[PDB]
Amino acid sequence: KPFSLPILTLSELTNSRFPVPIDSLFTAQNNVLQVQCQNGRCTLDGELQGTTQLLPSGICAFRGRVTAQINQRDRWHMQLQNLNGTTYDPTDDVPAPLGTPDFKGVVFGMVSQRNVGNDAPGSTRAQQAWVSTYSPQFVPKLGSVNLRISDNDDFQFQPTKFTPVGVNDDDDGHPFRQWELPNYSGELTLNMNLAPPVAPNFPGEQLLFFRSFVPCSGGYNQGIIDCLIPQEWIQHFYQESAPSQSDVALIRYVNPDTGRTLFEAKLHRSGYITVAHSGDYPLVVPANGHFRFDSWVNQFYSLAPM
């Protein structure tokens, strides 16, 4: 019934857009470029949106069966299941199977197989793999993605899991763009059932992000993945399902030792945070700090500058 947040420091939080811990808080200058991530989307009354599911280990993961190979760089055709192993239904009201990556780039990690049926049941293998979300075969909404793997001679048409490790630019100039959605149904097709874009409306306000610097596999990319709210908050809201009393929950970032409030922010009903600030700024805050719910306010509440 009453709304609340879990009590967790930054290093006790997991990025909802990639399965790594949160490193820092960041507020971004408002730009023409649209924020419309599909992972890490959840209302304050606990409605998961976009491709959001509950498990950190589901974020940017795939599960399915490899069924074919093609003579293209994205060689191995992986027919997808839901992450829990149930049959994926392409007519479901989602942009893609839950956990699908929500950015343009290459996700690198490992694939693992475990055979079932007649052909060496129980036999296993694992190796490095990449998934390009630029690929014309990246069609997860339709029910498949194609994989690039390091050893084409040790891979079978068997149950397969992709475990993500990090991200990068592709090596042919297709850059890692965290705010550009992939085409979940491929070239010439438009995305559907998307979680809506988010932006501050109030003047002087900017989005606040929970920022992670994820692993990269070569070159100098910083590996920045920003999420709106951390996975643990999504998990908490899902459990609680506290009805939202207004469009905005006022929240305070507190220092629990000294008891002082360091700044305040607007946590919007649809599950994102704004602050009163101008310019890009990595926040300077004590390590023990965390947000607490203060009160229900509205869109036009005037935040103390941060």
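Note that residue numbering follows the sequence shown and begins at 1.
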Tell me which of 123-131 and 202-210 has the higher mean C-alpha B-factor in the deposited entry. 202-210
In the PDB record, does 165-173 or 104-112 carry the higher mean Cα temperature factor? 165-173
Maximum C-alpha temperature factor, selected from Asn30, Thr274, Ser57, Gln49: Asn30
Which third, lowest, middle or highest, does the CA B-factor of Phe237 fall in along this chain? middle
Quick check on the deposited entry: does the C-alpha B-factor of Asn298 sit in the lowest, middle or highest third of its chain? highest
Considering only modelled residues of the same chain, in which third does the CA B-factor of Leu8 rank: lowest, middle or highest? lowest
Determine, from the deposited record, the chain-internal third of the Cα B-factor for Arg17: lowest, middle or highest. lowest
Within this chain's modelled residues, let me know which third the CA B factor of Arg41 belongs to: lowest, middle or highest. lowest
